[PDB]
>>> print(open('data-v4.pdb').read())   # PDB, C-alpha atoms
MODEL        1
ATOM      1  CA  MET K   1    -108.375 -71.187 -14.197
ATOM      2  CA  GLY K   2    -111.244 -73.631 -14.534
ATOM      3  CA  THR K   3    -113.664 -71.967 -12.102
ATOM      4  CA  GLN K   4    -115.770 -69.891 -14.508
ATOM      5  CA  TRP K   5    -119.434 -70.467 -15.290
ATOM      6  CA  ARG K   6    -122.297 -68.806 -17.128
ATOM      7  CA  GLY K   7    -123.511 -65.623 -15.468
ATOM      8  CA  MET K   8    -121.052 -65.793 -12.591
ATOM      9  CA  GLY K   9    -121.095 -62.896 -10.165
ATOM     10  CA  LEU K  10    -124.402 -61.443 -11.352
ATOM     11  CA  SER K  11    -126.005 -61.805  -7.923
ATOM     12  CA  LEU K  12    -123.063 -60.158  -6.168
ATOM     13  CA  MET K  13    -123.229 -57.211  -8.582
ATOM     14  CA  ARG K  14    -126.285 -55.991  -6.664
ATOM     15  CA  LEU K  15    -124.056 -54.803  -3.820
ATOM     16  CA  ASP K  16    -122.561 -51.353  -4.247
ATOM     17  CA  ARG K  17    -118.933 -52.232  -3.498
ATOM     18  CA  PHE K  18    -118.855 -55.154  -5.932
ATOM     19  CA  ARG K  19    -120.491 -53.088  -8.677
ATOM     20  CA  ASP K  20    -118.032 -50.233  -8.136
ATOM     21  CA  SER K  21    -115.104 -52.649  -8.315
ATOM     22  CA  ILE K  22    -116.458 -54.095 -11.558
ATOM     23  CA  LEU K  23    -116.930 -50.610 -13.006
ATOM     24  CA  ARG K  24    -113.362 -49.638 -12.110
ATOM     25  CA  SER K  25    -112.015 -52.843 -13.643
ATOM     26  CA  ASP K  26    -113.986 -52.262 -16.839
ATOM     27  CA  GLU K  27    -112.721 -48.690 -17.060
ATOM     28  CA  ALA K  28    -109.253 -50.204 -16.756
ATOM     29  CA  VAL K  29    -110.010 -52.581 -19.649
ATOM     30  CA  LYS K  30    -111.981 -50.026 -21.685
ATOM     31  CA  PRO K  31    -109.188 -49.045 -24.126
ATOM     32  CA  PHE K  32    -108.642 -52.587 -25.408
ATOM     33  CA  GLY K  33    -112.236 -53.172 -26.520
ATOM     34  CA  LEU K  34    -113.900 -55.538 -24.026
ATOM     35  CA  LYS K  35    -116.192 -54.571 -21.145
ATOM     36  CA  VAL K  36    -116.272 -56.924 -18.170
ATOM     37  CA  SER K  37    -119.843 -56.086 -17.158
ATOM     38  CA  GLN K  38    -121.230 -57.041 -20.566
ATOM     39  CA  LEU K  39    -119.256 -60.286 -20.490
ATOM     40  CA  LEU K  40    -120.807 -61.100 -17.120
ATOM     41  CA  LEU K  41    -124.338 -60.180 -18.196
ATOM     42  CA  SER K  42    -124.285 -61.817 -21.642
ATOM     43  CA  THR K  43    -125.775 -65.303 -21.988
ATOM     44  CA  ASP K  44    -124.309 -66.758 -25.194
ATOM     45  CA  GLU K  45    -122.139 -69.753 -24.349
ATOM     46  CA  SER K  46    -119.419 -68.423 -26.653
ATOM     47  CA  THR K  47    -118.779 -65.620 -24.152
ATOM     48  CA  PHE K  48    -116.830 -67.852 -21.754
ATOM     49  CA  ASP K  49    -115.552 -70.266 -24.398
ATOM     50  CA  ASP K  50    -112.862 -67.697 -25.174
ATOM     51  CA  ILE K  51    -109.821 -67.494 -22.911
ATOM     52  CA  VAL K  52    -109.275 -63.737 -22.622
ATOM     53  CA  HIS K  53    -112.834 -63.222 -21.405
ATOM     54  CA  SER K  54    -112.467 -65.999 -18.834
ATOM     55  CA  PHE K  55    -109.200 -64.609 -17.476
ATOM     56  CA  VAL K  56    -110.437 -61.022 -17.232
ATOM     57  CA  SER K  57    -113.737 -62.050 -15.661
ATOM     58  CA  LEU K  58    -112.098 -64.283 -13.057
ATOM     59  CA  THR K  59    -109.583 -61.624 -12.069
ATOM     60  CA  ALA K  60    -112.275 -58.951 -11.825
ATOM     61  CA  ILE K  61    -114.517 -61.157  -9.694
ATOM     62  CA  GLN K  62    -111.639 -61.972  -7.353
ATOM     63  CA  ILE K  63    -110.667 -58.311  -7.015
ATOM     64  CA  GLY K  64    -114.268 -57.407  -6.239
ATOM     65  CA  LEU K  65    -114.450 -60.141  -3.615
ATOM     66  CA  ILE K  66    -111.245 -58.891  -2.001
ATOM     67  CA  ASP K  67    -112.723 -55.390  -1.953
ATOM     68  CA  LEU K  68    -115.865 -56.718  -0.265
ATOM     69  CA  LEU K  69    -113.781 -58.513   2.361
ATOM     70  CA  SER K  70    -111.608 -55.440   2.909
ATOM     71  CA  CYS K  71    -114.736 -53.308   3.330
ATOM     72  CA  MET K  72    -115.277 -55.243   6.572
ATOM     73  CA  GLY K  73    -111.761 -54.532   7.845
ATOM     74  CA  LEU K  74    -110.434 -58.043   7.252
ATOM     75  CA  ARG K  75    -106.746 -58.202   6.370
ATOM     76  CA  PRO K  76    -105.195 -61.616   5.665
ATOM     77  CA  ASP K  77    -102.308 -63.032   7.642
ATOM     78  CA  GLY K  78    -101.304 -65.276   4.748
ATOM     79  CA  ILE K  79    -101.898 -65.539   1.022
ATOM     80  CA  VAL K  80    -101.747 -68.338  -1.537
ATOM     81  CA  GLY K  81    -102.272 -68.481  -5.289
ATOM     82  CA  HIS K  82    -102.844 -71.188  -7.879
ATOM     83  CA  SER K  83    -101.892 -70.658 -11.528
ATOM     84  CA  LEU K  84    -103.681 -67.405 -12.360
ATOM     85  CA  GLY K  85    -104.884 -65.522  -9.318
ATOM     86  CA  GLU K  86    -101.336 -64.919  -8.180
ATOM     87  CA  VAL K  87    -102.254 -61.493  -9.549
ATOM     88  CA  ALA K  88    -105.266 -61.446  -7.240
ATOM     89  CA  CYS K  89    -102.805 -62.188  -4.453
ATOM     90  CA  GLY K  90    -100.785 -59.221  -5.666
ATOM     91  CA  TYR K  91    -103.804 -56.961  -5.288
ATOM     92  CA  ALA K  92    -104.590 -58.456  -1.883
ATOM     93  CA  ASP K  93    -101.066 -57.769  -0.610
ATOM     94  CA  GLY K  94    -100.990 -54.263  -2.102
ATOM     95  CA  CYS K  95     -98.208 -55.181  -4.541
ATOM     96  CA  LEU K  96    -100.316 -54.375  -7.623
ATOM     97  CA  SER K  97    -102.960 -51.757  -8.338
ATOM     98  CA  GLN K  98    -106.378 -52.814  -9.595
ATOM     99  CA  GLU K  99    -105.597 -51.544 -13.088
ATOM    100  CA  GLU K 100    -102.277 -53.381 -12.924
ATOM    101  CA  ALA K 101    -103.882 -56.718 -12.056
ATOM    102  CA  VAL K 102    -106.697 -56.452 -14.592
ATOM    103  CA  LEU K 103    -104.313 -55.390 -17.355
ATOM    104  CA  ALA K 104    -101.934 -58.226 -16.502
ATOM    105  CA  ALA K 105    -104.752 -60.756 -16.738
ATOM    106  CA  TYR K 106    -105.960 -59.327 -20.042
ATOM    107  CA  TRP K 107    -102.500 -59.300 -21.586
ATOM    108  CA  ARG K 108    -101.845 -62.853 -20.442
ATOM    109  CA  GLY K 109    -105.054 -63.896 -22.172
ATOM    110  CA  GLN K 110    -104.219 -61.898 -25.290
ATOM    111  CA  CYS K 111    -100.679 -63.240 -25.636
ATOM    112  CA  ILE K 112    -101.871 -66.811 -25.121
ATOM    113  CA  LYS K 113    -104.457 -66.371 -27.879
ATOM    114  CA  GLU K 114    -102.104 -64.919 -30.494
ATOM    115  CA  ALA K 115     -99.434 -67.554 -29.823
ATOM    116  CA  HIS K 116    -101.087 -70.137 -32.108
ATOM    117  CA  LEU K 117     -99.538 -73.063 -30.257
ATOM    118  CA  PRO K 118    -100.703 -76.614 -31.010
ATOM    119  CA  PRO K 119    -103.654 -78.183 -29.187
ATOM    120  CA  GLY K 120    -103.228 -79.003 -25.524
ATOM    121  CA  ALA K 121    -105.059 -80.250 -22.466
ATOM    122  CA  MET K 122    -104.517 -81.088 -18.801
ATOM    123  CA  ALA K 123    -105.492 -84.270 -16.972
ATOM    124  CA  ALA K 124    -105.054 -84.782 -13.229
ATOM    125  CA  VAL K 125    -104.707 -88.330 -11.892
ATOM    126  CA  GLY K 126    -103.994 -89.905  -8.520
ATOM    127  CA  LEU K 127    -100.300 -90.328  -9.317
ATOM    128  CA  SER K 128     -98.073 -88.492  -6.854
ATOM    129  CA  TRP K 129     -95.881 -85.615  -7.996
ATOM    130  CA  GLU K 130     -92.740 -87.306  -6.684
ATOM    131  CA  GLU K 131     -93.636 -90.632  -8.309
ATOM    132  CA  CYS K 132     -95.643 -89.353 -11.284
ATOM    133  CA  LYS K 133     -92.584 -87.878 -13.013
ATOM    134  CA  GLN K 134     -90.837 -91.252 -13.169
ATOM    135  CA  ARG K 135     -94.138 -92.851 -14.215
ATOM    136  CA  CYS K 136     -94.989 -90.065 -16.679
ATOM    137  CA  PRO K 137     -94.571 -90.768 -20.405
ATOM    138  CA  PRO K 138     -92.016 -88.755 -22.386
ATOM    139  CA  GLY K 139     -93.155 -85.338 -23.540
ATOM    140  CA  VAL K 140     -95.502 -84.882 -20.560
ATOM    141  CA  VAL K 141     -94.517 -83.294 -17.253
ATOM    142  CA  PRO K 142     -96.280 -82.854 -13.915
ATOM    143  CA  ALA K 143     -98.445 -79.742 -14.058
ATOM    144  CA  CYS K 144     -99.686 -78.891 -10.556
ATOM    145  CA  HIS K 145     -98.747 -80.668  -7.327
ATOM    146  CA  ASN K 146    -102.201 -80.006  -5.915
ATOM    147  CA  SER K 147    -102.158 -82.677  -3.199
ATOM    148  CA  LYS K 148    -100.666 -86.027  -2.228
ATOM    149  CA  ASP K 149    -103.335 -87.739  -4.350
ATOM    150  CA  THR K 150    -104.080 -85.078  -6.999
ATOM    151  CA  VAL K 151    -101.542 -84.081  -9.655
ATOM    152  CA  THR K 152    -101.983 -82.563 -13.106
ATOM    153  CA  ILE K 153    -100.116 -83.354 -16.322
ATOM    154  CA  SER K 154    -100.019 -81.012 -19.315
ATOM    155  CA  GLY K 155     -98.993 -81.679 -22.895
ATOM    156  CA  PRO K 156    -100.276 -82.710 -26.318
ATOM    157  CA  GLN K 157    -103.887 -83.854 -26.331
ATOM    158  CA  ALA K 158    -103.197 -87.223 -27.963
ATOM    159  CA  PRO K 159    -100.467 -88.185 -25.447
ATOM    160  CA  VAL K 160    -102.842 -87.080 -22.695
ATOM    161  CA  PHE K 161    -105.525 -89.426 -24.019
ATOM    162  CA  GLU K 162    -103.075 -92.304 -24.402
ATOM    163  CA  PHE K 163    -101.763 -91.935 -20.855
ATOM    164  CA  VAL K 164    -105.319 -91.545 -19.544
ATOM    165  CA  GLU K 165    -106.229 -94.850 -21.183
ATOM    166  CA  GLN K 166    -103.092 -96.424 -19.714
ATOM    167  CA  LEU K 167    -103.931 -95.157 -16.223
ATOM    168  CA  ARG K 168    -107.569 -96.251 -16.405
ATOM    169  CA  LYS K 169    -106.107 -99.624 -17.328
ATOM    170  CA  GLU K 170    -104.744 -99.313 -13.787
ATOM    171  CA  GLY K 171    -108.146 -98.021 -12.637
ATOM    172  CA  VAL K 172    -106.790 -94.786 -11.130
ATOM    173  CA  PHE K 173    -108.816 -91.559 -10.981
ATOM    174  CA  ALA K 174    -107.843 -89.756 -14.193
ATOM    175  CA  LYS K 175    -109.691 -86.878 -15.841
ATOM    176  CA  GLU K 176    -108.814 -84.203 -18.395
ATOM    177  CA  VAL K 177    -109.325 -81.031 -16.383
ATOM    178  CA  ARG K 178    -111.168 -78.308 -18.274
ATOM    179  CA  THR K 179    -108.371 -76.455 -20.071
ATOM    180  CA  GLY K 180    -110.209 -74.986 -23.059
ATOM    181  CA  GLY K 181    -108.078 -76.579 -25.759
ATOM    182  CA  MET K 182    -104.767 -75.369 -24.315
ATOM    183  CA  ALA K 183    -102.384 -76.948 -21.800
ATOM    184  CA  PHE K 184    -100.481 -74.691 -19.409
ATOM    185  CA  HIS K 185     -97.308 -75.044 -17.354
ATOM    186  CA  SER K 186     -95.318 -76.953 -19.951
ATOM    187  CA  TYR K 187     -92.744 -76.532 -22.700
ATOM    188  CA  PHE K 188     -95.421 -74.961 -24.900
ATOM    189  CA  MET K 189     -95.133 -71.920 -22.640
ATOM    190  CA  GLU K 190     -91.466 -71.586 -23.611
ATOM    191  CA  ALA K 191     -92.281 -69.583 -26.746
ATOM    192  CA  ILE K 192     -94.992 -67.386 -25.238
ATOM    193  CA  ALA K 193     -92.881 -65.950 -22.408
ATOM    194  CA  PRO K 194     -90.595 -63.479 -24.258
ATOM    195  CA  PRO K 195     -93.274 -61.320 -25.881
ATOM    196  CA  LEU K 196     -95.368 -61.699 -22.746
ATOM    197  CA  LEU K 197     -92.448 -60.563 -20.594
ATOM    198  CA  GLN K 198     -91.872 -57.474 -22.727
ATOM    199  CA  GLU K 199     -95.591 -56.648 -22.742
ATOM    200  CA  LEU K 200     -95.832 -56.972 -18.960
ATOM    201  CA  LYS K 201     -92.694 -54.892 -18.413
ATOM    202  CA  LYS K 202     -94.493 -52.306 -20.523
ATOM    203  CA  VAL K 203     -97.595 -52.702 -18.349
ATOM    204  CA  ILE K 204     -96.124 -52.732 -14.838
ATOM    205  CA  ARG K 205     -93.884 -49.702 -14.322
ATOM    206  CA  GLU K 206     -92.408 -49.778 -10.805
ATOM    207  CA  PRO K 207     -91.948 -53.295  -9.388
ATOM    208  CA  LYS K 208     -92.743 -53.434  -5.680
ATOM    209  CA  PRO K 209     -91.758 -55.859  -2.921
ATOM    210  CA  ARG K 210     -93.704 -58.971  -1.990
ATOM    211  CA  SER K 211     -94.632 -59.041   1.685
ATOM    212  CA  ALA K 212     -93.855 -61.935   4.006
ATOM    213  CA  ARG K 213     -97.563 -62.787   4.253
ATOM    214  CA  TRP K 214     -97.580 -63.824   0.598
ATOM    215  CA  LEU K 215     -96.198 -67.343   0.100
ATOM    216  CA  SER K 216     -95.240 -67.810  -3.549
ATOM    217  CA  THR K 217     -96.232 -70.934  -5.463
ATOM    218  CA  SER K 218     -94.145 -70.638  -8.649
ATOM    219  CA  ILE K 219     -90.640 -70.171  -7.187
ATOM    220  CA  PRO K 220     -89.723 -73.244  -5.085
ATOM    221  CA  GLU K 221     -89.147 -72.849  -1.354
ATOM    222  CA  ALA K 222     -85.387 -73.021  -1.894
ATOM    223  CA  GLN K 223     -85.416 -69.554  -3.505
ATOM    224  CA  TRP K 224     -88.112 -67.610  -1.637
ATOM    225  CA  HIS K 225     -85.256 -65.306  -0.603
ATOM    226  CA  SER K 226     -83.898 -65.191  -4.169
ATOM    227  CA  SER K 227     -83.780 -62.016  -6.255
ATOM    228  CA  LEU K 228     -86.687 -62.822  -8.578
ATOM    229  CA  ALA K 229     -89.115 -63.688  -5.782
ATOM    230  CA  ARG K 230     -88.316 -60.413  -4.004
ATOM    231  CA  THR K 231     -90.443 -58.204  -6.268
ATOM    232  CA  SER K 232     -93.600 -59.122  -8.201
ATOM    233  CA  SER K 233     -92.420 -57.876 -11.583
ATOM    234  CA  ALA K 234     -93.190 -59.091 -15.093
ATOM    235  CA  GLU K 235     -90.460 -61.674 -14.528
ATOM    236  CA  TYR K 236     -92.465 -63.143 -11.648
ATOM    237  CA  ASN K 237     -95.660 -63.321 -13.705
ATOM    238  CA  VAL K 238     -93.927 -64.894 -16.704
ATOM    239  CA  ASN K 239     -92.274 -67.459 -14.439
ATOM    240  CA  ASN K 240     -95.652 -68.223 -12.868
ATOM    241  CA  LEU K 241     -97.090 -68.787 -16.338
ATOM    242  CA  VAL K 242     -94.220 -71.020 -17.456
ATOM    243  CA  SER K 243     -93.168 -73.153 -14.492
ATOM    244  CA  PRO K 244     -95.422 -75.656 -12.696
ATOM    245  CA  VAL K 245     -97.461 -75.043  -9.528
ATOM    246  CA  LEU K 246     -96.235 -76.189  -6.107
ATOM    247  CA  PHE K 247     -99.593 -75.711  -4.412
ATOM    248  CA  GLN K 248     -99.283 -78.726  -2.107
ATOM    249  CA  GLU K 249     -95.787 -77.677  -1.032
ATOM    250  CA  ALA K 250     -97.212 -74.304   0.007
ATOM    251  CA  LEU K 251    -100.061 -75.451   2.256
ATOM    252  CA  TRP K 252     -97.855 -77.016   4.949
ATOM    253  CA  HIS K 253     -97.083 -73.539   6.289
ATOM    254  CA  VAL K 254    -100.680 -72.792   7.371
ATOM    255  CA  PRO K 255    -100.623 -72.478  11.184
ATOM    256  CA  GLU K 256    -103.032 -74.772  12.974
ATOM    257  CA  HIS K 257    -106.555 -73.372  13.462
ATOM    258  CA  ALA K 258    -106.082 -70.995  10.514
ATOM    259  CA  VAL K 259    -109.307 -69.970   8.788
ATOM    260  CA  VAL K 260    -108.987 -70.372   5.016
ATOM    261  CA  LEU K 261    -111.184 -68.419   2.608
ATOM    262  CA  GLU K 262    -111.501 -69.461  -1.038
ATOM    263  CA  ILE K 263    -111.590 -66.229  -3.040
ATOM    264  CA  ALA K 264    -112.960 -67.659  -6.282
ATOM    265  CA  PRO K 265    -116.238 -67.670  -8.230
ATOM    266  CA  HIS K 266    -116.493 -71.431  -7.648
ATOM    267  CA  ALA K 267    -114.829 -73.312  -4.787
ATOM    268  CA  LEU K 268    -113.081 -75.947  -6.868
ATOM    269  CA  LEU K 269    -109.996 -76.144  -4.633
ATOM    270  CA  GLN K 270    -112.185 -76.786  -1.587
ATOM    271  CA  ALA K 271    -111.848 -80.562  -1.859
ATOM    272  CA  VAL K 272    -108.100 -80.228  -2.437
ATOM    273  CA  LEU K 273    -107.737 -77.902   0.551
ATOM    274  CA  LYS K 274    -109.750 -80.285   2.733
ATOM    275  CA  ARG K 275    -107.136 -83.039   2.442
ATOM    276  CA  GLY K 276    -104.047 -80.884   1.942
ATOM    277  CA  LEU K 277    -104.689 -78.907   5.131
ATOM    278  CA  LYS K 278    -104.454 -79.637   8.833
ATOM    279  CA  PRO K 279    -107.346 -81.480  10.508
ATOM    280  CA  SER K 280    -108.435 -78.368  12.454
ATOM    281  CA  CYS K 281    -108.804 -75.828   9.635
ATOM    282  CA  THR K 282    -112.035 -74.097   8.613
ATOM    283  CA  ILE K 283    -112.730 -73.573   4.902
ATOM    284  CA  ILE K 284    -115.360 -71.156   3.568
ATOM    285  CA  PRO K 285    -116.411 -71.438  -0.113
ATOM    286  CA  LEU K 286    -117.843 -67.920  -0.718
ATOM    287  CA  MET K 287    -119.455 -68.968  -4.028
ATOM    288  CA  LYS K 288    -121.018 -71.952  -5.774
ATOM    289  CA  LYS K 289    -121.531 -72.687  -9.458
ATOM    290  CA  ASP K 290    -125.120 -72.253 -10.655
ATOM    291  CA  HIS K 291    -126.288 -71.284  -7.182
ATOM    292  CA  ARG K 292    -129.835 -70.064  -6.655
ATOM    293  CA  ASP K 293    -128.582 -66.767  -5.203
ATOM    294  CA  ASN K 294    -124.903 -66.065  -4.578
ATOM    295  CA  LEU K 295    -125.492 -63.187  -2.155
ATOM    296  CA  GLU K 296    -127.043 -65.614   0.326
ATOM    297  CA  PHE K 297    -124.035 -67.919  -0.021
ATOM    298  CA  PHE K 298    -121.613 -65.034   0.522
ATOM    299  CA  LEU K 299    -123.548 -63.880   3.584
ATOM    300  CA  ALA K 300    -123.485 -67.427   4.946
ATOM    301  CA  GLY K 301    -119.732 -67.403   4.412
ATOM    302  CA  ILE K 302    -119.405 -64.194   6.408
ATOM    303  CA  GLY K 303    -121.580 -65.655   9.156
ATOM    304  CA  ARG K 304    -119.438 -68.783   9.288
ATOM    305  CA  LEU K 305    -116.462 -66.445   9.556
ATOM    306  CA  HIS K 306    -118.230 -64.924  12.559
ATOM    307  CA  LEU K 307    -118.664 -68.345  14.165
ATOM    308  CA  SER K 308    -114.909 -68.956  13.864
ATOM    309  CA  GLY K 309    -113.829 -66.019  16.043
ATOM    310  CA  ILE K 310    -112.929 -63.616  13.232
ATOM    311  CA  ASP K 311    -114.915 -60.425  13.831
ATOM    312  CA  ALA K 312    -116.261 -59.152  10.506
ATOM    313  CA  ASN K 313    -119.111 -56.637  10.468
ATOM    314  CA  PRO K 314    -121.703 -57.081   7.687
ATOM    315  CA  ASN K 315    -123.042 -53.527   8.001
ATOM    316  CA  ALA K 316    -120.175 -52.119   5.929
ATOM    317  CA  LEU K 317    -121.390 -53.980   2.841
ATOM    318  CA  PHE K 318    -124.788 -52.312   2.521
ATOM    319  CA  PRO K 319    -125.573 -48.587   2.354
ATOM    320  CA  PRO K 320    -125.522 -47.019   5.821
ATOM    321  CA  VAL K 321    -128.724 -46.486   7.780
ATOM    322  CA  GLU K 322    -129.199 -42.899   8.912
ATOM    323  CA  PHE K 323    -129.588 -42.154  12.615
ATOM    324  CA  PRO K 324    -131.193 -41.563  15.024
ATOM    325  CA  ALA K 325    -133.286 -44.635  14.272
ATOM    326  CA  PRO K 326    -137.018 -44.276  13.603
ATOM    327  CA  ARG K 327    -139.345 -44.166  16.572
ATOM    328  CA  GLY K 328    -140.615 -47.641  17.366
ATOM    329  CA  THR K 329    -137.424 -49.625  16.862
ATOM    330  CA  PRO K 330    -137.714 -52.791  18.975
ATOM    331  CA  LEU K 331    -136.082 -52.584  22.381
ATOM    332  CA  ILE K 332    -132.756 -54.384  22.687
ATOM    333  CA  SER K 333    -132.269 -54.481  26.470
ATOM    334  CA  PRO K 334    -134.860 -57.266  27.021
ATOM    335  CA  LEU K 335    -133.075 -59.489  24.504
ATOM    336  CA  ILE K 336    -129.825 -59.608  26.480
ATOM    337  CA  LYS K 337    -129.828 -62.830  28.508
ATOM    338  CA  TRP K 338    -127.186 -63.819  31.044
TER     339      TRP K 338
ENDMDL
END
>>> encode(input="data-v4.pdb", output="structure tokens")
Amino acid sequence: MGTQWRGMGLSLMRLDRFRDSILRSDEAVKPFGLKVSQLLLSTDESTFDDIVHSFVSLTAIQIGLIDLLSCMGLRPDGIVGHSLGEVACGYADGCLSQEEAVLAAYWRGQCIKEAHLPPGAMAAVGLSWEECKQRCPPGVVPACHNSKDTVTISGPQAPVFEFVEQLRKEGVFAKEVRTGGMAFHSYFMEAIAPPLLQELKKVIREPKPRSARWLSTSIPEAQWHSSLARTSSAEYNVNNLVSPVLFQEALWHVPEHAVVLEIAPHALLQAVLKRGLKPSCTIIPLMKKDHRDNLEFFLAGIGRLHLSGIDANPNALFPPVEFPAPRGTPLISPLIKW
């Protein structure tokens, strides 16, 4: 969450695969009364102010991006999530059908809305996860161990402001991350889980195993072999919603020279991944907020994937060209140089 923007994904909707993915996702969300395509196209700022719309739109965009990448034959060797988007990881690993992921996102957003919990917000400061907890004021807990210098704290808005003032008294880098009036990964989530768990158990029918490529980020490393982490069932999603995020603890396991792709409408975690990763990793954004034309950025991402040794063919994206080619196609033999 936190990577949405006005009219995101409109440029990528011109491609056939992305549009088909969006149409399938909308058909999945049709019964409940919101259409993803209209949300994307609409321009009123209130469209993304809501939470359910933001969640559904982000999940749909990520699923469409994964479909575009899969159209080129790419299959990941690892997977990582961050707060929401663990569902996108589920789709990427085959552990959840498209309808399953979209419905899970929508129901998360719907349950969070109806909860009627008090106001909340998140602020991430330079304090380290290990040391922040001791230095954190009562009633506020570490939210996301993003990196050795970035950590998020969730809780009541007023305590967040007071601790932000205290920290700026120290001069540290503190900012209330865009949370939309609600703070996640805290005790506030304690009440939401039960109804959410029952709803999800209603939604997902047959829990399926989580492959070894997926590296969880809600269940600590000590229990990756535990029972809960074995299968991505409503229990896993509820735990992801409730507990904090061990994102930094998950990036150590990226083998050197690994190419990392940021499947997200906006590459917010690019800066975090640049310092949390090894010195020889390659990071590709795949999208930028308020870009002139996102298709060009995506194509540049695929080209930069090409430069890194990963062979991805861009022909699969566009409609095929019938053959034999028209008479007069430029000769290719002269171009080959040794």
>>> resolve_selection(input="data-v4.pdb", expression="the PyMOL selection byres ((chain K and resi 246-263) around 7)", output="ChimeraX atom specification")
/K:62,65,82,144-147,217-218,244-245,264,267,276-278,280-286
>>> residues_near_point(input="data-v4.pdb", point="(-115.6, -56.6, 11.1)", cutoff="9 Å", atoms="all atoms listed in the file", output="number ranges by chain")
K: 71-74, 306, 310-316
>>> atom_distance(input="data-v4.pdb", atom1="atom CA of residue 190 of chain K", atom2="atom CA of residue 115 of chain K")
10.9 Å
>>> atom_distance(input="data-v4.pdb", atom1="atom CA of residue 199 of chain K", atom2="atom CA of residue 231 of chain K")
17.3 Å
>>> residues_near_point(input="data-v4.pdb", point="(-100.3, -79.3, -16.6)", cutoff="7 Å", atoms="all atoms listed in the file", output="ChimeraX atom specification")
/K:122,142-144,152-155,183-186
>>> atom_distance(input="data-v4.pdb", atom1="atom CA of residue 30 of chain K", atom2="atom CA of residue 57 of chain K")
13.6 Å
>>> residues_around(input="data-v4.pdb", residues="residue 4 of chain K", least_positions_apart="5", cutoff="8 Å", atoms="all atoms listed in the file", output="PyMOL selection string")
chain K and resi 48+54+58+265-266
>>> resolve_selection(input="data-v4.pdb", expression="the PyMOL selection byres ((chain K and resi 192) around 10)", output="list in words")
residues 108, 111, 112, 113, 114, 115, 116, 117, 187, 188, 189, 190, 191, 193, 194, 195, 196, 197, 238, 241 and 242 of chain K
>>> resolve_selection(input="data-v4.pdb", expression="the PyMOL selection byres ((chain K and resi 77) around 6)", output="ChimeraX atom specification")
/K:76,78,213
>>> closest_residue(input="data-v4.pdb", among="K:60, K:331, K:34, K:121", to="residue 180 of chain K", atoms="only C-alpha atoms")
K:121
>>> axis_aligned_box(input="data-v4.pdb", around="segment 270-284 of chain K", padding_each_side="8 Å", output="lines of an AutoDock Vina configuration file")
center_x = -109.7
center_y = -77.1
center_z = 5.0
size_x = 27.3
size_y = 27.9
size_z = 30.9
>>> residues_around(input="data-v4.pdb", residues="residue 12 of chain K", least_positions_apart="5", cutoff="8 Å", atoms="all atoms listed in the file", output="PyMOL selection string")
chain K and resi 18-19+294-295
>>> closest_residue(input="data-v4.pdb", among="K:87, K:212, K:268, K:229", to="residue 287 of chain K", atoms="all atoms listed in the file")
K:268
>>> closest_residue(input="data-v4.pdb", among="K:3, K:11, K:37, K:223", to="residue 296 of chain K", atoms="only C-alpha atoms")
K:11
